[PDB]
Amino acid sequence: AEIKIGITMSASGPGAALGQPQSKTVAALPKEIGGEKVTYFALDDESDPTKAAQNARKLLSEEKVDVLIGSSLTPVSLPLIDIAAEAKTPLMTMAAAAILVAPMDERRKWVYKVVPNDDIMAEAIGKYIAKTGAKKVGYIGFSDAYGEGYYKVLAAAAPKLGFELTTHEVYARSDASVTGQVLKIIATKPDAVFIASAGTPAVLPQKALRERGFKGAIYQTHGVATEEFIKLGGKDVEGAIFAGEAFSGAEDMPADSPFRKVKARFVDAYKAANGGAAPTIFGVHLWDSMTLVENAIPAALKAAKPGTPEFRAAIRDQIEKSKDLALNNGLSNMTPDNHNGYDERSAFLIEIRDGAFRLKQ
């Protein structure tokens, strides 16, 4: 039969600013790959791990999809690892935490990940923060594996880089207030504050810090790299800096940059499918995942027919061989033990300047 791709995304819930762009990207994906028809099955998981697991089981057991893609967020994606592995179906996760694919194990052998691992980003932003002369850095982040991935790496790096983390405050994504946490951070009198958050929930702690009088540097993560964050945040997020993807800095690169080229492809296709509307970065996590899948399909078709475990296993084998590939997410080199594919060369420092994401250095 035709090739079938299943996708679960957080199109509603606190992940909406990530999942909605992904949902709108589906219509831009190719109807034929390697001379074979392709059908997409996309489901909203509502930013809920239980619903994502239900979606995956439905796509795997009922549609027998050849590849599963999702989810948008780390906590939502975690349970999909075991589900995809048990089904011997490759999973292209669209979330960010390193734990989604590293260290390698017998289940993560089935998982690939186009967003650069957060530990790479945390090391990069930590080095930058140190170079500014900051010695005391406050911290607030999500009380989940995404936030904690930033905290643990920054906390380990701190003494080696010459600063100290003054707090370890957390919040849940939908929380109405972080006032208690922010007051605690402010009371430590830090030079700067790090926020580990994603989507529109990332605005709250930054606005709260500014409203409570904090005037120092505020650092965020690539979870904020959507123009929706700039729009909601306004003057309060001006000057935010984070380590992120080539996509976000593409306009401040040479004309022949491969990153401009791969971005143009995506933007043009997205606009054509969405009435001329421009995408935010999160849609590109679906797009780049499909780049890996599309590249693997011709060899897989030589091995087996779609809808068979052999075809899925062939896709898994082929993606692992991907080398020297410019994605919107960076320069990707897969290996048997690294299903992310990036090193520090793909960590770009991005700043919000005059209401736009800009390549900072």
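The numbering used is simple: start at 1 and walk along the sequence shown.
Using only the Cα atoms and their B-factors as the entry lists them, report which of 5-13 and 347-355 averages higher.
-> 347-355 has the higher mean C-alpha B-factor.
Using the B-factors recorded in the PDB entry, average over the C-alpha atoms of 244-252 and of 180-188, then report which stretch comes out higher.
-> Taking the mean B-factor of the alpha carbons in each, 180-188 is higher.
Tell me which of 233, 283, 103, 75 tops the list for C-alpha B factor in the record.
-> Of 233, 283, 103, 75, 233 has the highest C-alpha B-factor.
Which of 61, 295, 328, 333 ranks first by CA B-factor in the deposited coordinates = Answer for 61, 295, 328, 333: 61, with the highest C-alpha B-factor.
Pull the Cα B-factor of residue 260 out of the PDB entry and bin it into the chain's lowest, middle or highest third.
-> Ranked within chain, residue 260 CA B lands in the middle tercile.
Modelled-residue ranking by C-alpha temperature factor, third containing residue 308 = Its C-alpha B-factor belongs to the highest third of this chain's values.
Determine, from the deposited record, the chain-internal third of the Cα B-factor for residue 107: lowest, middle or highest.
-> Tercile = middle for this residue's CA B-factor.
Rank-wise, by C-alpha B-factor, drop residue 114 into the lowest, middle or highest third of its chain.
-> It falls in the bottom third of the chain.
By the record's CA B-factor, is residue 299 among the lowest, middle or highest third of residues in the chain?
-> Highest third.
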